[PDB]
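This report concerns only the one structure given below.
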Amino acid sequence: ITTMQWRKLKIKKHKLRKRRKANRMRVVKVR
Amino acid sequence: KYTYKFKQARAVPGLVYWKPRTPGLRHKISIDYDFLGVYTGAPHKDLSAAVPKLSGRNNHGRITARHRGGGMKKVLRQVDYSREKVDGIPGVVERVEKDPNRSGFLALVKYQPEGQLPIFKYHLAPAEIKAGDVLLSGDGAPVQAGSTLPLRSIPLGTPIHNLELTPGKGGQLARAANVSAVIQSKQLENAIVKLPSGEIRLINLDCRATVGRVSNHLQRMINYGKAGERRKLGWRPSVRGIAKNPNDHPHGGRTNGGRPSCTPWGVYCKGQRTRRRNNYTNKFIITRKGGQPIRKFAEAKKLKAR
Amino acid sequence: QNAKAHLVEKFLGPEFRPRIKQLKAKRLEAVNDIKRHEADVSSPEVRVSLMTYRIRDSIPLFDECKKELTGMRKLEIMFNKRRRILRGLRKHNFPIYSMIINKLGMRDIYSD
Amino acid sequence: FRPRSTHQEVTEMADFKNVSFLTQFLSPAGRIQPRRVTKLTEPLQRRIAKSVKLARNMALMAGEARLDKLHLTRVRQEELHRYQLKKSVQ
Amino acid sequence: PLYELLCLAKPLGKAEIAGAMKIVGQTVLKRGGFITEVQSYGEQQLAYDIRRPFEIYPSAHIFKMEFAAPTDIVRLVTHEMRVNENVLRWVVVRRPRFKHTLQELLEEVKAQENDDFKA
Amino acid sequence: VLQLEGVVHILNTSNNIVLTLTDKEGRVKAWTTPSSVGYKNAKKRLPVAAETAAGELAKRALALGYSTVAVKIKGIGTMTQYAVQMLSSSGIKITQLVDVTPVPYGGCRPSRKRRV
Amino acid sequence: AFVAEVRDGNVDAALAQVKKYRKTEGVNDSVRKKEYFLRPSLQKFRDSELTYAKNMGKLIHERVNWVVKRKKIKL
Amino acid sequence: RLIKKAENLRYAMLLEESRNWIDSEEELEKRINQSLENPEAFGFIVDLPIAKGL
RNA sequence: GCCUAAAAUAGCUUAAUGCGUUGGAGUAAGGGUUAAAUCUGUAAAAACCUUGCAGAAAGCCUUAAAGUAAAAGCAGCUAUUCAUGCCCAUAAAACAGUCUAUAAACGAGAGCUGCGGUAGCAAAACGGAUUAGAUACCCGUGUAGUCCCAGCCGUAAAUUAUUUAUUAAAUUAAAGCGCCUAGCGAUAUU
Ligand SMILES: [K+]
Ligand SMILES: [K+]
Ligand SMILES: [K+]
Ligand SMILES: [K+]
Ligand SMILES: [Mg+2]
Ligand SMILES: [Mg+2]
């Protein structure tokens with residue numbers, strides 16, 4: 001795998017982690 | 001700190017995890033004495049006495065210790081904290097028993113002096129003593145758990161318990177479950193000893209102590225599941241100060257906590273000191289709990305006055 | 001001063017030796033009945049017997065020391081190997097297979 | 001040219017008690033010399049290093065030169081003279 | 001196996017040193033061993049001073065003992081050293097069982113037979 | 001009066017140089033530093049500041065009667081060269097130079113590296 | 001602890017000996033290591049760079065030494 | 001056959017060494033007293049003979 | 001018989017560092033930056049000689065790892081338990097293989113629960129600067145964590161595909177598998 005391929009995946013993983021933290025302390029999870 | 005995961009795991013041996021069949025059994029955790037070999041029957045007839053419950057009332061008949069009374073019948077055991085009587089005679093452990101009046105375990109020891117009948121005594125059980133073991137005291141005894149020797153014949157780093165402040169009165173300092181004390185250094189006529197609470201103190205070298213720790217390592221894993229469990233032990237409920245009316249407590253008014261927290265008699269209870277500044281015993285204390293030097297405590301309001 | 005022969009015998013004996021050496025000495029003596037001749041240490045009868053004795057001696061060892069994972073893995077490897085050896089003997093040489101099972105008190109569960 | 005001990009001598013005298021013998025493999029500051037300087041085999045290199053480390057634990061050697069123990073050289077020579085005289089008389 | 005004990009004790013009188021040595025010897029004898037060598041080197045000056053909570057020792061008395069006993073003797077000896085307060089520092093090291101290897105013994109046997117064969 | 005043997009301790013740790021004069025038992029008699037002479041935050045790192053501090057210490061040492069001194073150096077730096085030379089040229093005799101820089105055998109974890 | 005005696009007031013000679021002791025006995029190396037912390041994976045890279053610089057210096061002077069030996073160059 | 005002879009040779013040598021071995025407390029006290037009365041030199045001066053076994 | 005940077009278990013050593021540490025002596029700074037300041041001191045600090053207490057880590061040897069510990073990984077000293085590796089001398093008439101559909105065990109660092117400990121370092125946090133802004137990089141304090149014991153979690157840019165023959169490698173031909181079929185796009189459903 002190349003550096004360019006790593007960077008393309010990096011952005012999507014960041015977005016998923018941010019959303020999960022927001023829903024960590026919510027009654028109704030946003031999905 | 002109790003957590004519900006701890007009870008679900010059911011890992012630690014020697015504990016009874018009661019299945020949550022009823023609301024009063026869901027959080028109940030007790031001690032399994034049979035699995036540990038601890039006798040839980042009646043005490044020795046010649047070393048016990050039945051006494052009435054006082055319920056925290058003095059000879060004037062008034063309540064001086066609150067939230068007491070209403071439990072089960074009380075029986076007391078006589079324990080020999082000082083083994084000076086039986087110095088030379090070896091003793092054989094017969095049983096390890098449970099006493100509801102203390103948090104440790106007691107050991108029943110039989111001595112057979114030459115030319116006399118057997119003698120029975122109760123002792124505070126060391127950490128690793130079982131039935132059939134041999135206990136010895138006085139000069140000429142090995143440095144092993146269960147041996148009682150003067151401070152002049154104990155190594156520095158060896159944990160000890162049941163320490164005597166006075167030369168022959170008896171052990172008073174380290175008694176609670178799974179506690180110990182250590183010796184840091186020995187001077188001309190005193191030894192520097194660290195107590196279970198973290199205090200450094202001077203103790204005369206002619207005092208005696210027992211090698212080892214106390215014999216109950218499951219004390220902090222207990223959880224009473226019901227209010228009635230502690231009622232059977234002799235404890236009564238208490239009411240919060242802010243729930244009372246003004247004529248009963250300083251917090252009585254409708255508002256909650258109008259003034260800083262205090263005792264029912266108005267003394268601040270979130271840090272105010274109660275030991276006497278000029279106490280005669282300041283000559284034997286080097287460092288108080290938390291690391292405060294004795295001089296800092298002894299001379300604190302005198303500087304403010306100046 | 002006189003010589004003490006009783007001290008020489010103790011030193012040359014198994015008394016002042018590690019536990020493993022003493023156990024291994026007993027294992028060899030226990031196979032004096034099934035070995036082919038006085039110096040047989042490699043026949044299939046001897047090898048299987050020694051492996052079985054090692055397993056029995058190791059059961060108490062790992063009941064106290066439950067964190068020595070390296071030793072357990074070695075034991076597991078030998079455990080599987082002995083099974084395949086017995087599987088081969090049963091298929092090709094039943095009479096030898098029968099003697100090993102009878103001597104060690106095992107069960108005939110080594111078929112395919 | 002400097003004295004060199006034979007490998008047979010090293011294997012016979014490589015012990016933590018022989019501080020004098022072990023000194024030949026230490027730098028003037030008191031550190032362990034590498035194998036390329038001692039001219040020893042790998043098994044012999046390990047033994048010498050362990051002997052020095054054990055001697056340090058027992059207070060028979062110091063991890064480095066100490067300013068408060070500079071009179072030991074005088075003491076050792078004085079002890080050596082007495083021992084030689086005693087044995088010679090005997 | 002064969003063990004060797006090196007002990008650094010305070011520079012006290014002969015009686016105190018003898019008592020410390022005798023304790024170790026009786027421990028070995030009780031367990032079922034025997035003692036081969038007993039030696040003393042007198043008071044020696046150390047590379048650096050041994051420090052106790054309020055004491056400094058620039059010198060010590062050194063003695064050694066060699067004994068043969070079961071593998072359980074090491075813990076017993078270690079306990080005695082810790083309990084005794086006249087001992088400053090100690091170490092126990094294991095030694096080879098035999099002086100001569102099997103190969104060396106065989107060569108001696110072969111040489112003897114050759115002399116007899118020639119005779 | 002002038003027949004006094006003393007010790008001069010030089011501490012240099014990449015930011016400042018400290019010179020202390022003591023007797024042979026360890027009791028301090030005088031001490032100097034570049035800040036005590038007039039050189040401040042950024043100017044304390046110059047070789048001129050080290051020379052001035054060394055000269056001032058020598059003057060006080062002579063007044064007290066210390067003419068023969070031994071120098072103990074702790075740390076690795078460039079200021080030690082100038083301080084020692086100034087002491088010698090100021091009229092104080094130097095008999096020995098001793099290096100006592102410590103060396104941990106393992107030790108404690110240093111701080112992280114500056115990502116400048 | 002290195003002790004350098006001063007003879008005939010030659011302080012500069014004593015200073016030269018002190019520097020030699022630090023380099024020979026590894027005092028400068030200890031100071032460099034303890035200035036700041038590096039992970040074992042980052043310490044490995046640092047050691048590789050230092051060895052590479054040493055090897056390049058060795059190679060350069062190996063070429064010069066051959067020229068001197070053959071052509072007897074007085075450098 | 002030769003190995004058996006070697007074993008017997010080792011046994012014979014150990015018997016000679018056993019003459020100076022101590023197993024009784026009476027001998028232990030005598031050995032301790034003699035050792036204390038005749039101190040030896042340590043490795044700081046003369047190399048010591050390191051034990052190799054029995 | 002010996003050896004071991006192997007694992008588990010138990011004893012021991014201290015160079016340096018920290019402090020609401022002891023006594024002596026002494027007096028204005030110490031610390032830090034591209035340049036400064038916050039901060040620590042003058043009510044007696046730092047520096048120097050001494051006293052006490054404490055945790056973590058292992059200089060030279062020391063080098064790859066050449067041990068390869070199965071991989072994850074592994075060097076302060078001594079001993080026990082156990083598993084390897086070396087020499088020297090032996091042993092087997094019939095038995096022992098490769099690969100893995102399925103199944104199980106081990107498994108860095110971070111993280112979670114309980115117990116003990118807490119020097120140094122350091123997410124977060126709070127101040128001083130830099131800058132158009134600095135919500136970052138720099139400086140000063142500093143809690144979890146890093147440490148011990150018992151459990152949970154099973155994730156890494158967590159090594160070169162495995163085996164037979166040849167071969168220094170390589171190359172050539174075979175045996176049993178897993179995975180890919182343009183990219184892009186889900187917290188889909190189960
Ligand atoms: K209440
Ligand atoms: K109120
Ligand atoms: K992990
Ligand atoms: K860190
Ligand atoms: Mg009301
Ligand atoms: Mg890796």
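The chains in the structure tokens are called A, B, ... from first to last as shown; in each chain the residues are counted from 1, and the ligands are counted from 1 in the order shown.
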>> as a PyMOL selection string, please: every residue in chain E that a backbone DSSP assignment puts in strand (DSSP E or B).
In response: chain E and resi 2-9+34-52+55-68+87-95
Next, write the just-selected residues to a file, as an mmCIF file, in the first residue's frame, keeping C-alpha atoms as the atom set.
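In the end it all went to again_30.cif:
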data_model
loop_
_atom_site.group_PDB
_atom_site.id
_atom_site.type_symbol
_atom_site.label_atom_id
_atom_site.label_comp_id
_atom_site.auth_asym_id
_atom_site.auth_seq_id
_atom_site.Cartn_x
_atom_site.Cartn_y
_atom_site.Cartn_z
ATOM 1 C CA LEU E 2 28.097 -27.905 45.955
ATOM 2 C CA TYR E 3 27.672 -24.362 47.280
ATOM 3 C CA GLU E 4 29.982 -21.615 48.524
ATOM 4 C CA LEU E 5 29.009 -18.810 50.912
ATOM 5 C CA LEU E 6 30.898 -15.515 51.172
ATOM 6 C CA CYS E 7 29.884 -13.375 54.152
ATOM 7 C CA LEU E 8 30.896 -9.831 55.128
ATOM 8 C CA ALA E 9 30.355 -9.315 58.860
ATOM 9 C CA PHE E 34 28.283 -31.837 55.213
ATOM 10 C CA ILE E 35 30.899 -29.080 55.197
ATOM 11 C CA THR E 36 34.151 -29.268 53.231
ATOM 12 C CA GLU E 37 35.994 -25.959 53.760
ATOM 13 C CA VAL E 38 35.996 -23.276 56.462
ATOM 14 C CA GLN E 39 38.259 -20.239 56.081
ATOM 15 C CA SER E 40 38.590 -16.695 57.403
ATOM 16 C CA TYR E 41 40.450 -13.704 55.977
ATOM 17 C CA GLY E 42 40.283 -11.262 58.893
ATOM 18 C CA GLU E 43 39.243 -7.635 58.673
ATOM 19 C CA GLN E 44 39.497 -6.073 55.210
ATOM 20 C CA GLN E 45 39.011 -2.556 53.863
ATOM 21 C CA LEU E 46 36.308 -2.298 51.211
ATOM 22 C CA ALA E 47 36.128 -0.368 47.951
ATOM 23 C CA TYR E 48 33.314 1.751 49.404
ATOM 24 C CA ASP E 49 31.645 1.995 52.792
ATOM 25 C CA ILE E 50 28.484 0.046 53.606
ATOM 26 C CA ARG E 51 25.813 2.371 54.997
ATOM 27 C CA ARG E 52 23.028 1.461 57.418
ATOM 28 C CA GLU E 55 25.901 3.812 60.638
ATOM 29 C CA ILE E 56 28.853 3.686 58.239
ATOM 30 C CA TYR E 57 31.156 0.661 57.918
ATOM 31 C CA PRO E 58 34.399 1.208 55.955
ATOM 32 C CA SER E 59 35.657 -2.311 56.770
ATOM 33 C CA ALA E 60 34.300 -5.779 57.482
ATOM 34 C CA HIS E 61 35.311 -9.285 58.537
ATOM 35 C CA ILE E 62 35.218 -11.821 55.693
ATOM 36 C CA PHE E 63 34.869 -15.599 55.921
ATOM 37 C CA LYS E 64 33.839 -18.352 53.516
ATOM 38 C CA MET E 65 32.238 -21.776 53.846
ATOM 39 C CA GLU E 66 31.825 -24.566 51.291
ATOM 40 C CA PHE E 67 29.211 -27.266 51.810
ATOM 41 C CA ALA E 68 27.202 -29.923 49.986
ATOM 42 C CA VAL E 87 26.130 -9.795 58.891
ATOM 43 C CA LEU E 88 26.373 -6.885 56.452
ATOM 44 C CA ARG E 89 26.327 -8.624 53.060
ATOM 45 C CA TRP E 90 26.352 -12.169 51.700
ATOM 46 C CA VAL E 91 26.234 -14.165 48.469
ATOM 47 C CA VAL E 92 25.756 -17.848 47.613
ATOM 48 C CA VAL E 93 27.140 -19.280 44.362
ATOM 49 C CA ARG E 94 26.872 -22.818 42.999
ATOM 50 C CA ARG E 95 29.999 -24.719 41.963
#
>> So that I can see what lies close to residue E:109, please list as a list in words the residues with an atom at most 8 Å from it, counting only C-alpha atoms (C1' of nucleotides) and leaving out residues fewer than 5 positions away in the same chain.
In response: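 Everything that qualifies: residues 2, 5 and 6 of chain H.
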>> Using only C-alpha atoms, I'd like every residue of chain B that has an atom within 9 Å of chain E; please write them out as an NGL selection string.
In response: :B and (142-143 or 153-155 or 184-187)
>> At a cut-off of 10 Å around ligand 6, and using only C-alpha atoms (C1' of nucleotides) and all ligand atoms, what residues come up? Please write them as an MDAnalysis selection string.
In response: chainID I and resid 71:73 108 156:159
>> Report as a PyMOL selection string all protein, DNA and RNA residues lying within 12 Å of residue C:109, evaluated on only C-alpha atoms (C1' of nucleotides), omitting residues in the same chain fewer than 4 positions from it.
In response: chain C and resi 83-84+86-87+90+97-98+101
>> Let me see if you get this right: every residue at most 6 Å from ligand 2, counting only C-alpha atoms (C1' of nucleotides) and all ligand atoms, written as a list in words.
In response: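 Listed by chain and ascending number, the contacts are residues 251, 252, 253, 254, 255, 256, 257 and 258 of chain B.
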Expected file contents, prior selection, N, CA, C and O atoms, as a compact mmCIF listing (two decimals), in the first residue's frame:
# COMPACT_ATOMS: atom_id res chain seq x y z
N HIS B 251 -28.49 22.74 60.63
CA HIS B 251 -28.93 22.71 59.25
C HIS B 251 -30.45 22.58 59.12
O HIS B 251 -30.94 22.26 58.03
N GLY B 252 -31.19 22.83 60.20
CA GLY B 252 -32.58 22.43 60.25
C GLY B 252 -33.49 23.18 59.28
O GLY B 252 -34.49 22.62 58.82
N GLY B 253 -33.17 24.43 58.97
CA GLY B 253 -34.08 25.26 58.20
C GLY B 253 -34.54 24.66 56.89
O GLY B 253 -34.05 23.61 56.47
N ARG B 254 -35.50 25.32 56.23
CA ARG B 254 -36.00 24.83 54.96
C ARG B 254 -34.90 24.77 53.91
O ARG B 254 -34.80 23.81 53.14
N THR B 255 -34.06 25.81 53.85
CA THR B 255 -32.95 25.82 52.92
C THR B 255 -31.93 24.74 53.29
O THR B 255 -31.76 24.40 54.46
N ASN B 256 -31.26 24.21 52.27
CA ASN B 256 -30.25 23.18 52.46
C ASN B 256 -28.87 23.81 52.59
O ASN B 256 -28.42 24.51 51.68
N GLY B 257 -28.22 23.57 53.72
CA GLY B 257 -26.84 23.99 53.91
C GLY B 257 -26.61 25.49 53.91
O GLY B 257 -25.68 25.97 53.25
N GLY B 258 -27.43 26.24 54.64
CA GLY B 258 -27.26 27.68 54.69
C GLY B 258 -25.90 28.11 55.22
O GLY B 258 -25.44 29.21 54.92
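The contact shell of ligand 3, defined as all polymer residues within 8 Å when only C-alpha atoms (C1' of nucleotides) and all ligand atoms are used, comprises residues 107, 108, 109, 154 and 155 of chain I.
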> Can I get the residues close to ligand 4 as number ranges by chain, where close means within 8 Å and we count only C-alpha atoms (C1' of nucleotides) and all ligand atoms?
Replying inline: F: 111-112; I: 121-122, 146
How would the residues just chosen look if you wrote them out with N, CA and C atoms (P, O5', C5', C4', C3', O3' and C1' of nucleotides) as a PDB file, in the first residue's frame?
ATOM      1  N   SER F 111      13.376  14.859  29.617  1.00  0.00           N
ATOM      2  CA  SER F 111      12.214  15.474  28.995  1.00  0.00           C
ATOM      3  C   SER F 111      12.244  15.268  27.480  1.00  0.00           C
ATOM      4  N   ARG F 112      11.118  15.575  26.842  1.00  0.00           N
ATOM      5  CA  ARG F 112      10.980  15.360  25.410  1.00  0.00           C
ATOM      6  C   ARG F 112      11.838  16.357  24.633  1.00  0.00           C
TER       7      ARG F 112
ATOM      8  P     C I 121      10.721  15.698  35.142  1.00  0.00           P
ATOM      9  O5'   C I 121      10.045  14.863  33.966  1.00  0.00           O
ATOM     10  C5'   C I 121      10.805  14.411  32.857  1.00  0.00           C
ATOM     11  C4'   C I 121      10.020  13.435  32.018  1.00  0.00           C
ATOM     12  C3'   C I 121       8.729  13.969  31.416  1.00  0.00           C
ATOM     13  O3'   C I 121       8.944  14.681  30.209  1.00  0.00           O
ATOM     14  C1'   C I 121       8.320  11.877  32.445  1.00  0.00           C
ATOM     15  P     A I 122       8.052  15.966  29.851  1.00  0.00           P
ATOM     16  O5'   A I 122       6.578  15.386  29.697  1.00  0.00           O
ATOM     17  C5'   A I 122       6.234  14.520  28.625  1.00  0.00           C
ATOM     18  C4'   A I 122       4.831  13.993  28.780  1.00  0.00           C
ATOM     19  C3'   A I 122       3.746  15.048  28.928  1.00  0.00           C
ATOM     20  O3'   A I 122       3.309  15.555  27.679  1.00  0.00           O
ATOM     21  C1'   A I 122       3.498  13.425  30.627  1.00  0.00           C
ATOM     22  P     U I 146      -1.162   2.354  33.229  1.00  0.00           P
ATOM     23  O5'   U I 146       0.394   2.567  32.973  1.00  0.00           O
ATOM     24  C5'   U I 146       0.948   2.410  31.675  1.00  0.00           C
ATOM     25  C4'   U I 146       2.309   3.051  31.565  1.00  0.00           C
ATOM     26  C3'   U I 146       3.391   2.491  32.476  1.00  0.00           C
ATOM     27  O3'   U I 146       3.982   1.307  31.972  1.00  0.00           O
ATOM     28  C1'   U I 146       3.417   4.851  32.578  1.00  0.00           C
TER      29        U I 146
END
>> Just want the 7 Å neighbourhood of residue B:208, counted on only C-alpha atoms (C1' of nucleotides), with same-chain residues fewer than 6 positions away dropped. Output as a ChimeraX atom specification.
In response: /B:148-151,163-164
> Using only C-alpha atoms (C1' of nucleotides) and all ligand atoms, what are the residues with an atom within 8 Å of ligand 5, set out as a list in words?
Replying inline: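 Listed by chain and ascending number, the contacts are residues 243, 244, 245 and 254 of chain B.
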> Do you know which residues are within 6 Å of ligand 1 using only C-alpha atoms (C1' of nucleotides) and all ligand atoms? Can you write them as a PyMOL selection string?
Replying inline: chain B and resi 238-240
> Near residue I:5, within 9 Å and counting only C-alpha atoms (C1' of nucleotides), which residues show up once chain neighbours fewer than 3 positions away are dropped, as a list in words?
Replying inline: residues 65, 67, 74 and 75 of chain I
>> Select, as an MDAnalysis selection string, those residues of chain H with any atom no more than 8 Å from chain E (distances computed using only C-alpha atoms).
In response: chainID H and resid 2:3 5:6 9:10 20:25 28:29 31:33 35:36 38:42 51:54
Please write the residues from the selection above to a file, keeping N, CA and C atoms, as a compact mmCIF listing (two decimals), in the first residue's frame.
# COMPACT_ATOMS: atom_id res chain seq x y z
N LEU H 2 35.02 -49.87 30.23
CA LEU H 2 35.91 -48.81 30.66
C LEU H 2 35.18 -47.77 31.50
N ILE H 3 33.92 -47.48 31.16
CA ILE H 3 33.15 -46.51 31.93
C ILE H 3 33.00 -46.99 33.37
N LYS H 5 35.08 -48.86 35.02
CA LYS H 5 36.36 -48.63 35.67
C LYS H 5 36.53 -47.16 36.04
N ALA H 6 36.09 -46.26 35.17
CA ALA H 6 36.18 -44.83 35.48
C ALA H 6 35.36 -44.49 36.71
N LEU H 9 37.24 -45.48 39.71
CA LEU H 9 38.38 -44.59 39.94
C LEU H 9 37.94 -43.32 40.65
N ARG H 10 36.79 -42.76 40.25
CA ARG H 10 36.28 -41.57 40.92
C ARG H 10 35.95 -41.85 42.38
N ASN H 20 39.08 -35.30 55.39
CA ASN H 20 39.06 -33.94 55.93
C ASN H 20 37.67 -33.33 55.94
N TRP H 21 36.63 -34.11 55.69
CA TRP H 21 35.26 -33.61 55.73
C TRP H 21 34.70 -33.73 57.14
N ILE H 22 33.85 -32.77 57.50
CA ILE H 22 33.29 -32.68 58.85
C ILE H 22 31.78 -32.87 58.77
N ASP H 23 31.26 -33.74 59.64
CA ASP H 23 29.82 -33.97 59.73
C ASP H 23 29.30 -33.92 61.16
N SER H 24 30.17 -33.72 62.15
CA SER H 24 29.78 -33.64 63.55
C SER H 24 30.07 -32.25 64.09
N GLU H 25 29.26 -31.83 65.06
CA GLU H 25 29.41 -30.49 65.62
C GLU H 25 30.73 -30.33 66.36
N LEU H 28 33.14 -29.35 63.88
CA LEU H 28 32.82 -28.02 63.36
C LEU H 28 33.38 -26.93 64.27
N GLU H 29 33.24 -27.10 65.58
CA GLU H 29 33.77 -26.09 66.51
C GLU H 29 35.29 -26.00 66.41
N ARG H 31 37.17 -26.73 63.80
CA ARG H 31 37.53 -26.10 62.53
C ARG H 31 37.35 -24.59 62.59
N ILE H 32 36.25 -24.13 63.19
CA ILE H 32 36.00 -22.70 63.27
C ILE H 32 37.08 -22.01 64.09
N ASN H 33 37.45 -22.60 65.24
CA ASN H 33 38.47 -21.99 66.08
C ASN H 33 39.81 -21.91 65.35
N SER H 35 40.38 -21.83 62.12
CA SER H 35 40.33 -20.86 61.03
C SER H 35 40.48 -19.44 61.55
N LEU H 36 39.81 -19.12 62.66
CA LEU H 36 39.90 -17.76 63.20
C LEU H 36 41.29 -17.46 63.74
N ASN H 38 44.13 -18.55 62.54
CA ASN H 38 45.10 -18.51 61.45
C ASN H 38 44.46 -17.87 60.22
N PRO H 39 44.31 -16.55 60.22
CA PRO H 39 43.71 -15.88 59.06
C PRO H 39 44.59 -15.99 57.83
N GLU H 40 43.94 -15.93 56.67
CA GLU H 40 44.60 -16.00 55.38
C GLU H 40 44.49 -14.66 54.66
N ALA H 41 45.22 -14.55 53.55
CA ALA H 41 45.19 -13.35 52.73
C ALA H 41 44.04 -13.42 51.73
N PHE H 42 43.51 -12.26 51.38
CA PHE H 42 42.39 -12.16 50.47
C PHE H 42 42.89 -11.85 49.06
N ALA H 51 37.61 -23.08 43.89
CA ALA H 51 37.17 -24.47 43.97
C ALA H 51 36.50 -24.89 42.67
N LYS H 52 36.80 -26.11 42.23
CA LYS H 52 36.22 -26.66 41.01
C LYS H 52 35.25 -27.80 41.26
N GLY H 53 35.17 -28.32 42.47
CA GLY H 53 34.27 -29.39 42.81
C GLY H 53 34.94 -30.36 43.76
N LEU H 54 34.32 -31.53 43.90
CA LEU H 54 34.87 -32.59 44.74
C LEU H 54 35.47 -33.70 43.88
>> If we count only C-alpha atoms (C1' of nucleotides) and set the cut-off at 10 Å, which residues sit around residue D:27, ignoring sequence neighbours fewer than 6 positions away in its own chain? Please answer as an NGL selection string.
In response: (:D and (33-34 or 64)) or (:G and (24-25)) or (:I and (60))
> Which of these, I:46, I:12, I:168, I:173, has the shortest distance to chain E once you count only C-alpha atoms (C1' of nucleotides)?
Replying inline: I:12
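Shell of stretch 5-21 of chain A at 10 Å, with only C-alpha atoms (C1' of nucleotides) counted and residues fewer than 2 places along the chain excluded, is residues 1, 2, 3, 23, 24, 25, 26, 29, 30 and 31 of chain A; 157 and 187 of chain I.
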Would you write out those residues with C-alpha atoms (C1' of nucleotides), as a PDB file, in the first residue's frame?
ATOM      1  CA  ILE A   1       0.000   0.000   0.000  1.00  0.00           C
ATOM      2  CA  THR A   2       1.215   3.492  -0.895  1.00  0.00           C
ATOM      3  CA  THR A   3       1.254   6.708   1.107  1.00  0.00           C
ATOM      4  CA  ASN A  23     -23.432   9.749  19.941  1.00  0.00           C
ATOM      5  CA  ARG A  24     -21.580   8.339  22.964  1.00  0.00           C
ATOM      6  CA  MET A  25     -23.686  10.346  25.433  1.00  0.00           C
ATOM      7  CA  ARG A  26     -27.043  10.635  23.640  1.00  0.00           C
ATOM      8  CA  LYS A  29     -28.214   7.746  18.502  1.00  0.00           C
ATOM      9  CA  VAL A  30     -28.103   9.699  15.242  1.00  0.00           C
ATOM     10  CA  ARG A  31     -27.830   7.273  12.322  1.00  0.00           C
TER      11      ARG A  31
ATOM     12  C1'   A I 157       3.109   0.148   8.646  1.00  0.00           C
ATOM     13  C1'   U I 187     -22.812   2.782  11.868  1.00  0.00           C
TER      14        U I 187
END
> Quick one: DSSP helix (DSSP H, G or I) residues in stretch 6-65 of chain G, as number ranges by chain?
Replying inline: G: 11-24, 27-34, 40-65
>> Based on only C-alpha atoms, which of the residues in chain C come within 9 Å of chain E? I want them as a list in words.
In response: residues 7, 10, 11, 15, 16, 17, 18 and 19 of chain C
Let me see the file: selected residues, C-alpha atoms, as an mmCIF file, in the first residue's frame.
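In the end it all went to out.cif:
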data_model
loop_
_atom_site.group_PDB
_atom_site.id
_atom_site.type_symbol
_atom_site.label_atom_id
_atom_site.label_comp_id
_atom_site.auth_asym_id
_atom_site.auth_seq_id
_atom_site.Cartn_x
_atom_site.Cartn_y
_atom_site.Cartn_z
ATOM 1 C CA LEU C 7 29.379 -39.438 52.848
ATOM 2 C CA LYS C 10 25.312 -39.703 49.528
ATOM 3 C CA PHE C 11 27.169 -37.309 47.222
ATOM 4 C CA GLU C 15 20.015 -37.053 47.194
ATOM 5 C CA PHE C 16 21.937 -33.854 46.366
ATOM 6 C CA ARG C 17 20.503 -33.374 42.879
ATOM 7 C CA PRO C 18 17.768 -31.191 41.368
ATOM 8 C CA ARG C 19 14.207 -32.472 41.297
#
Produce a table with one row for each residue of chain I that has an atom at most 9 Å from any atom of chain D, each row naming the nearest atom pair and its distance in Å at one decimal; use only C-alpha atoms (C1' of nucleotides); arrange rows by chain and rising residue number; format as a Markdown table.
| residue | atom | partner | partner_atom | distance |
| --- | --- | --- | --- | --- |
| I:12 | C1' | D:57 | CA | 8.5 |
| I:13 | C1' | D:57 | CA | 4.9 |
| I:14 | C1' | D:57 | CA | 8.9 |
| I:15 | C1' | D:63 | CA | 8.0 |
| I:59 | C1' | D:63 | CA | 8.8 |
| I:60 | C1' | D:31 | CA | 4.8 |
| I:61 | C1' | D:32 | CA | 5.5 |
| I:62 | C1' | D:34 | CA | 8.5 |
| I:76 | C1' | D:53 | CA | 8.2 |
| I:77 | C1' | D:54 | CA | 5.8 |
| I:78 | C1' | D:54 | CA | 8.6 |
> What does the distance from atom CA of residue B:161 to atom CA of residue B:296 come to in Å, to one decimal?
Replying inline: 29.1 Å
